[PDB]
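What follows is calculated from the coordinates using simple rules that are stated; it is not laboratory data. All Cβ positions, even for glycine, are placed from backbone atoms using ideal geometry, and neighbour counts span all protein chains on display.
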Amino acid sequence: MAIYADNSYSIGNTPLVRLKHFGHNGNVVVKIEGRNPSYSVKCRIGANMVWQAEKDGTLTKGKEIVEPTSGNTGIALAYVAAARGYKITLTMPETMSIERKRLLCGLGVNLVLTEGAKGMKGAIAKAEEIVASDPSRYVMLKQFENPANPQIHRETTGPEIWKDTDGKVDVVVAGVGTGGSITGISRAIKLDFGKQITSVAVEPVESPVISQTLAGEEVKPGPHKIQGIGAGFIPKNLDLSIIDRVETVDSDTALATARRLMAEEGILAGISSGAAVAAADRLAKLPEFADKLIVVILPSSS
Amino acid sequence: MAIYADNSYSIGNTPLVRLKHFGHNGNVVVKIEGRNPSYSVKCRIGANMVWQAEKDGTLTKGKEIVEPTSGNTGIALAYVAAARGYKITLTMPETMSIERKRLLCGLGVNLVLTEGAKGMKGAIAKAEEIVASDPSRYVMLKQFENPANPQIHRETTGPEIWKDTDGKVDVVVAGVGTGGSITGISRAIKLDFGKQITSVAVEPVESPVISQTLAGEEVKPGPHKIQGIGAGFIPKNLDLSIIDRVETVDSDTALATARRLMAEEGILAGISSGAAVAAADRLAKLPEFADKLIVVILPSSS
Amino acid sequence: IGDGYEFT
Amino acid sequence: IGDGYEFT
C-alpha cells in the first residue's frame, strides 16, 4: 500500500524531462522540483528539518517553529507544520507579496512582518528576539546552516537523479540559495555512488559572491531579481569542497530563459529555473560538454 | 533511463495521502492531482487528446488546436501544445482572471476573448466559427465528448489507484466536470480489475443536474463557485451506467473544506477538492462506509 | 471544465 | 531562500 501518513512524506520522486530547444541533441535534462508539495524543492528540507528536530528532541508537542524566510522555505514549513500539527511563526519584511502573506495565513502561519527598509536582517533580528523571549517554547530550524538541509538532498534528490539516469549523469547544475541542493546532490553522486561528475553552482552576476571568494577577490553582493538564489554570502550549507565550477547568470537572461521554458518546452518554472538552464545551456554548447548528460535543477514552478 | 521526451509524457503517478481530521480512523485517502504538469488532473486529458489526434491523423504538423475552455483544460492544452510544438487558440469570456490570461499568453496561446454577458455559450459559438472558417487548418478536441478523455483515466489514473491500494479501494469519490475522471476510473477498477467499488459523483447542490436527471425531475442548473465541476448539463464523457451514488455539496462547505485541507492537513487543493472531500467525509461517517477505504480525487491545487 | 455553463 | 540579503 502506497499511501502517505501525512503530506510531509510525499516529497520528491520528481521527473527528469529532456529539453528540445536547449543544449545539443538533448544533452540537457531538467529535474522539475515544481512537482512537489508546496511547489518547490524546499518541501524536502521543510520535511527533513522538522523530522530531524523531532528525532533529536528539539521539537516536541507544544513547542513552536520560528524561522525567518522571505521565500519557499516559509511555504514548505507552513505545509509541514500543518501536516504534522505544529504552530509556526514566520518573520519577513512588510514588503512581501500579498499572495504569499494570504497563502501563508491560509496555511495557519502566525505571520510577523518587519520593517521593509531593514530587509532580511530585520527579519532575522526579529526571529532571534522571538526565540530569545521564550527559548523553551520556540525552535529556529536555521535553513542556512542546518545539516538536515543537504542531508535530505543526499538521501533523496541525488539518488533519484542517479537512479533515473542509470548513473550516466555527468554534470549537475543548480542555483545556490542555501546551498543544500548542490551540496547534498554532489555528496550522493560523488561520495556514495562514486562517480566524478562536475558540480556547477549558479549565482547572479549581480551578486557573484561565490565567484569572488574563489577568485580571492573582495566579496561585493548586490540586489537581483532571481528569487531563491544570491544570498549575498556563502551559506554554511554550501560545501565549497564539492563545487567544480561556478557560472554567473544575469537577471534578464534568467527571466528570458524561464519564459522560453514555458513557451518552447511547455515547462512552468520560476526565474531561478531560468537561471539554472541558462548556465547549463552555456556549458552544453562547449564541445568539452557535448557528450555529457547535464542535469539541471528547476527549483520551483512559475 | 527514466527521462521524458517532452513534458506531456510526465503526467500522473500522483500520490495518495491519508487525511487525519476527516473520515473515521483514516478511511479517507486523497489523490493529489495538483502534483502534475499544469497543476491539475487536466494534464492527463490534455496529453491524451493531443496524442490521440496525432495517432488518428486529425492533428498533424501545420494544423492548429482550437478549444473553448474557461478552466484547467486550456492550461493543460497550452502546456502540451508548447511541449509538442502546436499552435493553439483558446476562446473564453473577457470576464476571466488576468492571471489566467497572462499565464495562457505566457504559454504561447492565441487568446480569443468573447462577450462576458454571452458566457461559455459565446465561447463555444466563437470556437465553432473559427474552426468553420478553415476546417482543414483547425481541430477542436471537444473535451466534453472526446473518448480520449475517460480513456486516459482508465489507462493511468484508475490503475494508479488500484496499484497504490493493493486493490483495497472500496469507494471512489470525484466531482464531475467533463465526467472523464469518474468514468475512466470506474471503468478501470470495475471492468478491468473486476472489483465492485461504489462510484460517487459529486456536483453542486446549486446545480444538481445529475441528481435531478436520475430522480426523473426537471433539470434546473444554476451558478455556483466550485470551479471545475457543475457544467449545468450531463456531459457525453459522463457514463451514467457506472455511477452508484450522487452526492451534492454547497459552495460554502466546499470552500470551508478546501481551507481546512490547507490549515489542518497541510494540503493545497482547490475549491472542487474541498467539494470532493466534503462528500467523502459525509459517506465516511455513515457506519455502512466505516470499514471502506474511500479514495477522493483532489482535481487541482489551490 | 473551468465553466460548462455555470460557475461564478 | 526567498531573500538572504538581496533580491528585488
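Some observations on this one:
- The angle between the Cα long axis of helix A:119-133 and the longest principal axis of the Cα atoms of chain A comes to about 40 degrees, rounded to the nearest 10.
- Charge dipole of region B:43-140 (Cα centre as origin; +1 on each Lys and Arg Cβ, -1 on each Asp and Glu Cβ, all else neutral): 220 debye, rounded to the nearest 20.
- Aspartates and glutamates whose Cα lies under 14 Å from that of B:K220, excluding same-chain neighbours fewer than 8 positions away: B:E203, B:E206, C:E6
- Computed from the alpha carbon positions, the gyration tensor of region B:43-140 leads to an equivalent ellipsoid with semi-axes of 21, 16, 11 Å, biggest first.
- Calculated SAXS-style log₁₀ I(q)/I(0) at q = 0.05, 0.07, 0.12 Å⁻¹ - the protein assembly as shown, Debye, Cα scatterers: -0.22, -0.43, -1.26
- Reachable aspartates and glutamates, given that their alpha-carbon falls under 16 Å from the alpha-carbon of A:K126 and they are not under 8 places away in the same chain: A:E64, A:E67, A:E94, A:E115, A:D134, D:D3
- Counting only residues at least eight positions apart within a chain, or on another chain, the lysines with an alpha carbon under 29 Å from that of B:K190 are B:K20, B:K31, B:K42, B:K55, B:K142, B:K163, B:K168, B:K236, B:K285, B:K292.
- Rounded to the nearest 20 debye, the dipole size of region B:145-302 about its Cα centre is 140 debye, using +1 on the Cβ of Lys and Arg and -1 on the Cβ of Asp and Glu.
- Charging the Cβ of each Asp and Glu at -1 and of each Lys and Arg at +1, and nothing else, the dipole of region B:207-265 about its Cα centre rounds to 180 debye.
- Placing dummy labels 7 Å off each Cα toward the beta-carbon, the span from B:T60 to A:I98 is 5.1 nm.
- In this rough spin-label picture, where each label sits 7 Å from Cα along the Cβ direction, the B:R137-A:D166 distance is 4.6 nm.
- Relative contact order [Cα under 8 Å, 6+ residues apart], chain B, whole percent: 20 percent
- In the protein assembly as shown, the DSSP-assigned H stretches of four residues or longer account for a calculated mean residue ellipticity at 222 nm of -10000 deg cm²/dmol, using -39500 (n - 2.57) per stretch and the full residue count as denominator.
- Selection from A:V169, A:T156, A:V112, by position along the positive dipole direction of region A:102-199 (Cβ): A:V112
- The orientation-averaged projection of the convex hull spanning the C-alpha atoms of region B:7-60 amounts to 4.6 square nanometres.
- Gyration tensor (alpha-carbon) shape descriptor, chain B, a/c threshold 1.5: prolate
- Projected onto their three principal axes, the Cα atoms of region B:170-292 cover extents of 38, 36, 25 Å, largest first.
- Options A:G71, A:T178, A:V28, ranked by Cα towards positive dipole end of the protein assembly as shown, top entry (Cβ charges): A:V28
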